[PDB]
Each structure stands twice: as structure tokens, then as C-alpha cells.
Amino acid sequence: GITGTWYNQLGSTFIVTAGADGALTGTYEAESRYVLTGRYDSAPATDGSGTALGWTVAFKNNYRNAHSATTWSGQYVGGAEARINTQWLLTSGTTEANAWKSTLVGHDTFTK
């Protein structure tokens, strides 16, 4: 149930395809569209546990470059209403003097 169009809390849209080998590929939202790549556990447990996954987006496309990248780590939860629960790290490229403030942390919840 991972393959699909997902939306987070701020109307961002993630279109993902989950290959049977464990690959995740797709798009993050024209000038605002970006490539995404990740991996997921293609053989989760069955004690009712979520499926672990993750992905990465570099905020560079042919229209802009913000010099940074975000990784989302979390799990897909199946049920009457499917969701993906994640936490994320965004890192910006900095000078070494500035490295201490290069990384933001947050959380996102996605729904179809």
C-alpha cells in the first residue's frame, strides 16, 4: 500500500513507487518538483509491527538549487486509514565555522 500519491500536513505531495526488491522511487512536490529515492523493508514482521522505510531528497532541480538535503526515517502503518509516520533531518551545506547549525529536525505525517 506504499505505492501511491501521499500528502503531508502542509499540502506537500509525494508520489512514490515501491519495487518488490525494496526500492522506493518517485517525486516530491514544476519549479517545485524534485527527485526522491529510498529503501523499505520488503518483508516486514507480522506481529502487527509497522514497515520500516526511509528516503532522501536533494533540493536541486533544473530550476533551482537550495544546497541542502532532507532524509525522512519512519514507518508505513496499514489499517482502515493508512499513514506514514516519519522524522526528518534537513542538512544545509555550510562553512565549518557554521557546521553546528547545519541541521534541522522535525516530523511529518503522510496520508492518501
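Each residue number is its position in the shown sequence, starting from 1.
Enquirer: Are any deposited residues left out of the model between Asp41 and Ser42, and how many (none, 1 to 3, 4 to 9, 10 or more)?
Expert: Nothing is missing between them.
Enquirer: Highest mean C-alpha temperature factor of the two stretches 93-101 and 11-19, which is it?
Expert: It is 11-19 that shows the higher mean C-alpha B-factor.
Enquirer: Should the higher mean CA B-factor in the entry be assigned to 75-83 or to 52-60?
Expert: Taking the mean C-alpha B-factor of 75-83 and of 52-60, the larger value falls to 75-83.
Enquirer: Looking at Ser32, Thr46, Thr70, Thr37, which has the biggest Cα B factor in the entry?
Expert: Answer, based on the entry's C-alpha B-factors: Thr46.
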